[PDB]
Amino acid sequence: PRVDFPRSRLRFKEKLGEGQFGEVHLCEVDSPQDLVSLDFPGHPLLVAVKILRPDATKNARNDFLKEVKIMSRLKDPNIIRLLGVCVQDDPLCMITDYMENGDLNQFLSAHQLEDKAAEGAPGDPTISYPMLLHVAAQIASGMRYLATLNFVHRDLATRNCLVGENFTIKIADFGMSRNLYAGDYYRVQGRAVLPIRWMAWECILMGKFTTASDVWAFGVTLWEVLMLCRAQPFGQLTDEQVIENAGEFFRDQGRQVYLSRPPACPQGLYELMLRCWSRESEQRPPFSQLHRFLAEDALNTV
């Protein structure tokens, strides 16, 4: 915010990822204790530091400074936060918590649903159905916070969520240029890149994102979680078929198709997903209600 983090205290250790106007490195802080405040909570402390890419242009710099401004709006346990910045002079940095379990798509991909609940040792690559709910509830809480600020994410998906120790989830936004998730985006020259498989029908037709389209994307993201990210949404359809599907929602003649129920997903939970994909934006559930259902109702056996 007002005072720059001491850049001299960072020791860079490895690359975590690379985006459109910046890249993220793991760093160590030699003495973490004397930097502590309310904005700044083995023996070395690890942080993740985003910096400008080496091919940095004036345009990338501008995008970096705006990113700092945008992220400064956001303070919530389940939204990524800036511990510190270096923007008074070069090189420019954004410092955040190191989330050691990486993005949620890669994390869930490496796990399997538990055969029998709580029968395994710590560390085994298994995850329980209640943990999936807990993961989902956290994303919903993060989205509830964003909705109160009238802040529209525009690209919610597991690939933009981070996983910390003890399964804390934080929503982030890594942009749309990563090689790893290129199949998730539909590109046309001179047009905005679009994650159509997560997009409400009205966005595909009008390109207008709202809190209600964020709810639709949360429905798809929840589907991802319950699939343990084993398949792409609408995976057996082409991009063009997925775009045509939005036209079918528009004409409203009952020919639109939906994501199928995941194996780990009970029918009651799947009805919630379907409500997120309601044709009319007003009928999609608010995040406060999505969170309530995921934190509580979903624990019912009746």
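In this text, the rigid core denotes the largest set of C-alpha atoms whose superposition between the two forms falls within 1.5 Å. A residue's number is simply how far along the shown sequence it sits, counting from 1.
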Self-check item: Divergent stretch in 9 other deposited structures of this protein, 168-176 or 154-162 [C-alpha RMS, superposed by the core]
Solution: 168-176
Practice problem: Report the stretch with the higher root mean square CA deviation, pooled over structures and residues in 9 other deposited structures of this protein, choosing between 251-259 and 55-63 after a rigid core fit. | Solution: 55-63
Quiz item: Among the other compared PDB entries, is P266 dropped in a third or more?
Solution: no
Quiz item: Among the other PDB entries compared that flank it on both sides, is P44 unmodelled in a third or more?
Solution: no
Quiz item: What number of residues from the deposited sequence go unmodelled in the gap from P41 to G42, classed as none, 1 to 3, 4 to 9, or 10 or more?
Solution: 4 to 9
Practice problem: Taking the mean of the C-alpha B-factors per stretch from the entry, tell me the winner out of 131-139 and 80-88. | Solution: 80-88
Practice problem: Give the stretch, out of 89-97 and 69-77, with the larger mean C-alpha temperature factor in the deposited entry. | Solution: 89-97
Quiz prompt | Deposited CA B-factor, highest of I243, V257, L35, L237 | solution = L35
Self-check item: Ranked C-alpha temperature factor of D184 among modelled chain residues, by third
Solution: middle
Self-check item: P122 - which third its CA temperature factor falls in, relative to the rest of the chain
Solution: highest
Self-check item: Relative C-alpha B-factor of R261, binned into the chain's lowest, middle or highest third
Solution: lowest
Quiz item: By its CA B factor, does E271 count among the lowest, middle or highest third of the modelled residues in the chain?
Solution: middle
Quiz item: Which third of the chain holds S177 when residues are ordered by C-alpha B factor: lowest, middle or highest?
Solution: highest
